[PDB]
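Everything below belongs to target-v3.cif, which stores mmCIF, C-alpha atoms.
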data_protein
loop_
_atom_site.group_PDB
_atom_site.id
_atom_site.type_symbol
_atom_site.label_atom_id
_atom_site.label_comp_id
_atom_site.auth_asym_id
_atom_site.auth_seq_id
_atom_site.Cartn_x
_atom_site.Cartn_y
_atom_site.Cartn_z
ATOM 1 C CA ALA S 1 0.000 0.000 0.000
ATOM 2 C CA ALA S 2 2.883 2.363 0.719
ATOM 3 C CA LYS S 3 4.316 1.508 -2.694
ATOM 4 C CA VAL S 4 0.873 2.225 -4.149
ATOM 5 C CA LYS S 5 0.934 5.696 -2.635
ATOM 6 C CA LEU S 6 4.414 6.252 -4.077
ATOM 7 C CA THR S 7 3.088 5.358 -7.512
ATOM 8 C CA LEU S 8 -0.003 7.552 -7.136
ATOM 9 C CA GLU S 9 1.935 10.650 -6.103
ATOM 10 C CA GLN S 10 4.661 10.188 -8.715
ATOM 11 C CA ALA S 11 2.126 9.725 -11.511
ATOM 12 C CA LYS S 12 -0.133 12.600 -10.482
ATOM 13 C CA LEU S 13 2.449 15.308 -9.927
ATOM 14 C CA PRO S 14 5.504 14.762 -12.117
ATOM 15 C CA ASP S 15 4.219 13.890 -15.584
ATOM 16 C CA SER S 16 1.485 16.508 -15.973
ATOM 17 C CA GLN S 17 3.286 19.239 -14.028
ATOM 18 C CA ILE S 18 6.508 18.881 -16.017
ATOM 19 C CA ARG S 19 4.589 18.644 -19.292
ATOM 20 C CA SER S 20 2.600 21.843 -18.804
ATOM 21 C CA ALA S 21 5.304 23.970 -17.183
ATOM 22 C CA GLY S 22 8.129 22.920 -19.487
ATOM 23 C CA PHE S 23 6.017 23.279 -22.621
ATOM 24 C CA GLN S 24 4.821 26.788 -21.781
ATOM 25 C CA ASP S 25 8.181 28.045 -20.513
ATOM 26 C CA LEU S 26 10.204 26.573 -23.376
ATOM 27 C CA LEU S 27 7.835 27.854 -26.061
ATOM 28 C CA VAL S 28 7.692 31.389 -24.651
ATOM 29 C CA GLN S 29 11.441 31.589 -24.044
ATOM 30 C CA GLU S 30 12.268 30.183 -27.484
ATOM 31 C CA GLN S 31 9.994 32.663 -29.255
ATOM 32 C CA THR S 32 11.385 35.586 -27.256
ATOM 33 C CA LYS S 33 14.982 34.472 -27.839
ATOM 34 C CA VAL S 34 14.402 34.053 -31.580
ATOM 35 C CA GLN S 35 12.913 37.545 -31.802
ATOM 36 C CA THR S 36 15.774 39.006 -29.757
ATOM 37 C CA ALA S 37 18.359 37.266 -31.939
ATOM 38 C CA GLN S 38 16.723 38.633 -35.088
ATOM 39 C CA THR S 39 16.669 42.144 -33.609
ATOM 40 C CA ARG S 40 20.321 41.869 -32.563
ATOM 41 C CA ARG S 41 21.263 40.692 -36.055
ATOM 42 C CA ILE S 42 19.444 43.673 -37.571
ATOM 43 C CA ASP S 43 21.151 46.101 -35.182
ATOM 44 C CA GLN S 44 24.586 44.588 -35.831
ATOM 45 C CA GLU S 45 24.004 44.826 -39.582
ATOM 46 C CA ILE S 46 22.980 48.479 -39.213
ATOM 47 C CA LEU S 47 26.086 49.249 -37.155
ATOM 48 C CA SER S 48 28.317 47.445 -39.664
ATOM 49 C CA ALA S 49 26.751 49.356 -42.561
ATOM 50 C CA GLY S 50 27.260 52.639 -40.721
ATOM 51 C CA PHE S 51 30.874 51.697 -39.999
ATOM 52 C CA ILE O 1 7.595 -74.097 17.503
ATOM 53 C CA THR O 2 8.797 -72.939 14.095
ATOM 54 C CA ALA O 3 5.699 -70.909 13.218
ATOM 55 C CA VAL O 4 5.916 -69.128 16.560
ATOM 56 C CA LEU O 5 9.579 -68.394 15.871
ATOM 57 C CA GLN O 6 8.785 -66.927 12.463
ATOM 58 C CA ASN O 7 6.013 -64.743 13.858
ATOM 59 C CA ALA O 8 8.240 -63.429 16.646
ATOM 60 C CA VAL O 9 10.995 -62.563 14.179
ATOM 61 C CA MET O 10 8.455 -60.742 12.025
ATOM 62 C CA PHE O 11 7.241 -58.872 15.096
ATOM 63 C CA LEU O 12 10.563 -57.622 16.441
ATOM 64 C CA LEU O 13 11.752 -56.042 13.204
ATOM 65 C CA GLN O 14 8.618 -54.000 12.541
ATOM 66 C CA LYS O 15 7.626 -53.307 16.151
ATOM 67 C CA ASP O 16 9.541 -50.219 17.170
ATOM 68 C CA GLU O 17 9.494 -48.017 14.080
ATOM 69 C CA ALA O 18 5.712 -48.097 13.590
ATOM 70 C CA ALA O 19 5.022 -45.774 16.516
ATOM 71 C CA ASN O 20 7.725 -43.426 15.267
ATOM 72 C CA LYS O 21 6.099 -43.396 11.838
ATOM 73 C CA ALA O 22 2.738 -42.542 13.390
ATOM 74 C CA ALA O 23 4.187 -39.651 15.371
ATOM 75 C CA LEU O 24 5.862 -38.357 12.221
ATOM 76 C CA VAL O 25 2.522 -38.499 10.420
ATOM 77 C CA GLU O 26 0.693 -36.491 13.069
ATOM 78 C CA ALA O 27 3.479 -33.904 13.076
ATOM 79 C CA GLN O 28 2.970 -33.596 9.328
ATOM 80 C CA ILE O 29 -0.738 -33.128 10.047
ATOM 81 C CA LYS O 30 0.018 -30.080 12.172
ATOM 82 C CA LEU O 31 2.403 -28.809 9.506
ATOM 83 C CA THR O 32 -0.321 -29.003 6.863
ATOM 84 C CA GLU O 33 -2.635 -27.156 9.237
ATOM 85 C CA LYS O 34 -0.150 -24.294 9.339
ATOM 86 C CA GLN O 35 0.397 -24.293 5.572
ATOM 87 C CA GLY O 36 -3.350 -24.025 5.072
ATOM 88 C CA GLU O 37 -3.490 -21.083 7.450
ATOM 89 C CA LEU O 38 -0.675 -19.357 5.564
ATOM 90 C CA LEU O 39 -2.490 -19.772 2.256
ATOM 91 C CA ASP O 40 -5.629 -18.366 3.867
ATOM 92 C CA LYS O 41 -3.488 -15.326 4.604
ATOM 93 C CA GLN O 42 -2.191 -15.465 1.021
ATOM 94 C CA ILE O 43 -5.557 -15.009 -0.685
ATOM 95 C CA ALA O 44 -6.423 -11.877 1.284
ATOM 96 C CA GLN O 45 -2.915 -10.494 0.796
ATOM 97 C CA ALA O 46 -3.168 -10.860 -2.978
ATOM 98 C CA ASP O 47 -6.681 -9.427 -3.096
ATOM 99 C CA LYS O 48 -5.462 -6.330 -1.263
ATOM 100 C CA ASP O 49 -2.452 -6.264 -3.618
ATOM 101 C CA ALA O 50 -4.797 -6.229 -6.626
ATOM 102 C CA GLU O 51 -4.766 -2.518 -7.499
ATOM 103 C CA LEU O 52 -1.011 -1.823 -7.394
ATOM 104 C CA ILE O 53 -0.895 -2.912 -11.029
#

Please render this file's structure as structure tokens.
Amino acid sequence: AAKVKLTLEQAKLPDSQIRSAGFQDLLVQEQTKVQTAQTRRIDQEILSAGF
Amino acid sequence: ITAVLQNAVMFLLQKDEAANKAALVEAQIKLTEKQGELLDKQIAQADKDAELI
């Protein structure tokens, strides 16, 4: 029965919690980082052209 | 004379160990009692174990 409770808790919390949190965080951070990288590339190109 | 001799010889060889055999059998009876009790515990244990899977 103790082992059963181990299984119950591990199934309930870890899988779904990690899925939701990791998916949302990774997607948002990846989109923001891609946009920031594009903006930095544009700014570096502008500075190089001015130079 | 000779028939009595033969019967006595038959008697002495088998006499002693028969009681020992009987006592061994009844000890095995008690042992089977305890095995049955353990299996009675076994069925309930497994039934409670059912849902872990």

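Near chain O, the residues of chain S that fall inside 9 Å (using only C-alpha atoms) are residues 1, 3, 4 and 7 of chain S.
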
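In this model, the gap between atom CA of residue 28 of chain O and atom CA of residue 10 of chain O comes to 27.8 Å.
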
First collect every listed atom of segment 8-12 of chain O; then fit an axis-aligned box around them, widen it by 5 Å on each side, and give centre and edge lengths in Å to one decimal, as JSON.
{"center_x": 9.1, "center_y": -60.5, "center_z": 14.3, "size_x": 13.8, "size_y": 15.8, "size_z": 14.6}

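Atom CA of residue 41 of chain O sits 24.6 Å away from atom CA of residue 25 of chain O.
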
Atom CA of residue 10 of chain S to atom CA of residue 29 of chain S, distance in Å rounded to a single decimal | 27.2 Å

Taking the partial coordinates given, rebuild segment 25-37 of chain S to contain N, CA and C atoms; return it as a PDB file, in the coordinates of the input.
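To be explicit, this is the file written out as rebuild.pdb:
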ATOM      1  N   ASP S  25       6.962  27.274 -20.719  1.00  0.00           N
ATOM      2  CA  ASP S  25       8.181  28.045 -20.513  1.00  0.00           C
ATOM      3  C   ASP S  25       9.097  27.959 -21.724  1.00  0.00           C
ATOM      4  N   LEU S  26       9.311  26.747 -22.240  1.00  0.00           N
ATOM      5  CA  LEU S  26      10.204  26.573 -23.376  1.00  0.00           C
ATOM      6  C   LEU S  26       9.680  27.296 -24.604  1.00  0.00           C
ATOM      7  N   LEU S  27       8.377  27.190 -24.881  1.00  0.00           N
ATOM      8  CA  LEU S  27       7.835  27.854 -26.061  1.00  0.00           C
ATOM      9  C   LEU S  27       7.991  29.367 -25.958  1.00  0.00           C
ATOM     10  N   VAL S  28       7.617  29.939 -24.810  1.00  0.00           N
ATOM     11  CA  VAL S  28       7.692  31.389 -24.651  1.00  0.00           C
ATOM     12  C   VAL S  28       9.138  31.861 -24.751  1.00  0.00           C
ATOM     13  N   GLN S  29      10.043  31.179 -24.044  1.00  0.00           N
ATOM     14  CA  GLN S  29      11.441  31.589 -24.044  1.00  0.00           C
ATOM     15  C   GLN S  29      12.060  31.443 -25.426  1.00  0.00           C
ATOM     16  N   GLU S  30      11.722  30.372 -26.146  1.00  0.00           N
ATOM     17  CA  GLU S  30      12.268  30.183 -27.484  1.00  0.00           C
ATOM     18  C   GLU S  30      11.789  31.269 -28.432  1.00  0.00           C
ATOM     19  N   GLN S  31      10.498  31.606 -28.383  1.00  0.00           N
ATOM     20  CA  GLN S  31       9.994  32.663 -29.255  1.00  0.00           C
ATOM     21  C   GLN S  31      10.659  33.997 -28.935  1.00  0.00           C
ATOM     22  N   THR S  32      10.762  34.326 -27.644  1.00  0.00           N
ATOM     23  CA  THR S  32      11.385  35.586 -27.256  1.00  0.00           C
ATOM     24  C   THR S  32      12.852  35.626 -27.665  1.00  0.00           C
ATOM     25  N   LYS S  33      13.571  34.516 -27.481  1.00  0.00           N
ATOM     26  CA  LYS S  33      14.982  34.472 -27.839  1.00  0.00           C
ATOM     27  C   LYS S  33      15.175  34.581 -29.344  1.00  0.00           C
ATOM     28  N   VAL S  34      14.303  33.943 -30.128  1.00  0.00           N
ATOM     29  CA  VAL S  34      14.402  34.053 -31.580  1.00  0.00           C
ATOM     30  C   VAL S  34      14.181  35.494 -32.019  1.00  0.00           C
ATOM     31  N   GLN S  35      13.161  36.148 -31.456  1.00  0.00           N
ATOM     32  CA  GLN S  35      12.913  37.545 -31.802  1.00  0.00           C
ATOM     33  C   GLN S  35      14.088  38.429 -31.406  1.00  0.00           C
ATOM     34  N   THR S  36      14.644  38.205 -30.212  1.00  0.00           N
ATOM     35  CA  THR S  36      15.774  39.006 -29.757  1.00  0.00           C
ATOM     36  C   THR S  36      16.995  38.786 -30.637  1.00  0.00           C
ATOM     37  N   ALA S  37      17.233  37.544 -31.059  1.00  0.00           N
ATOM     38  CA  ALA S  37      18.359  37.266 -31.939  1.00  0.00           C
ATOM     39  C   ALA S  37      18.185  37.954 -33.285  1.00  0.00           C
TER      40      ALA S  37
END
